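Here you get one chain, nothing else, as structure tokens; it is the form deposited in one PDB entry.
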């Protein structure tokens, strides 16, 4: 059986990396069973990469993600699969966000509309470079629609840097490669929508894409360096950071940067290679827009105080 083939591999890794006997014991190739895999990733990491540096991500998240990556390899190699149970929990977004200067596109594949954020002594916060989902060009300041991809940006330029960063970061890693480093390896689910059979929840249905500034302290050095991977963040002091779907209802502490995310994948490939002869062909789904992703907003009409007793005049 394929299952057995999977069990064999999973088992090797597990004994070799001394995973808690309990985990081992209660392990089948069940889709929801990622723990056991994370532990493998956890110990190995340790042993072969202690003091790993993570930019804007948490350890749980990283290991966890490594866990899914393992799970995919495991599954592919064994040739087992579970319908509606994609392992990686990520997709490949062909963001055409670094093609036109000052131009960003949202998940819809549509260019993001620019809109200023003021409208009102007071404490007026201005956002002249904000960008929104075409389907939100009508909504008030940062309120998402029922068609929105839930993708918003308060600082277009920033966000473009981050996108540029990832691109340059990937080029660094993969200089010669028949493919335009236009894809963005992004997670489609966080802790909240981790399981297919999950309590539907309002708001953003995908992890939030948020660019974090690096500059802050990073602009305090540059010229010495030679390492392409380093140069990238330096020429583009901003990173793409994915958090919870909604950082009301549920909320998780999911946090991982694009690079750390791409690094978790790479790292799983090495771990696999240090244990298995050949690396199986692992396919991260291409991102395709769908309703499944549409922002779930609840729209309720709100009352307004009228100093009147009765609604109308007669």
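Numbering follows the first chain given and starts at 1. Only residues modelled in both forms are compared. Under this definition, the rigid core comprises the largest set of C-alpha atoms superposing within 1.5 Å between the forms.
The stretch of deposited sequence separating residue 101 from residue 102 contains no residues lacking coordinates in this entry. The modelled chain breaks between residue 247 and residue 248, where 4 to 9 residues of the deposited sequence lack coordinates. Averaged over CA atoms, B-factors in the entry run higher in 40-48 than in the other of 40-48 and 65-73. Taking the mean C-alpha B-factor of each stretch as recorded, 228-236 and 103-111 are not equal, and the higher mean is that of 228-236. The entry lists C-alpha B-factors for 243, 176, 88, 165, and the highest of these is at 176. For the set 277, 57, 33, 270, the PDB entry puts the maximum C-alpha B factor at 277. Per the PDB record, residue ranking by Cα B-factor puts residue 83 in the lowest third of the chain. Residue 53 sits in the highest third of its chain by CA B factor, as recorded in the PDB entry. When the modelled residues of the chain are ordered by C-alpha B-factor, residue 281 sits in the highest third. Among the modelled residues of the chain, residue 202 sits in the middle third by CA temperature factor in this PDB entry. Among the modelled residues of its chain, residue 96 has a C-alpha B-factor that falls in the middle third according to the deposited record.
Although not depicted, the form deposited in another entry is the subject of the following passage.
Residue 101 shows a C-alpha shift below 2 Å between this form and the one not shown [criterion: core-superposed Cα displacement of 2 Å]. After superposition on the rigid core, the Cα atom of residue 303 is displaced by 2 Å or more between this form and the one not shown.
Annotation for residue 216: C-alpha shift of 2 angstroms or more between this form and the one not shown, rigid core superposed. In the other form, the Cα atoms of residue 299 and residue 153 sit 3 Å or more farther from each other than they do here. Between the C-alpha atoms of residue 300 and residue 294, a gap narrowed by no less than 3 Å is obtained in the other form, as opposed to the form on display. In this core-based overlay, residues 215-226, 298-314 form runs of three or more whose Cα positions differ by 2 Å or more between this form and the one not shown.
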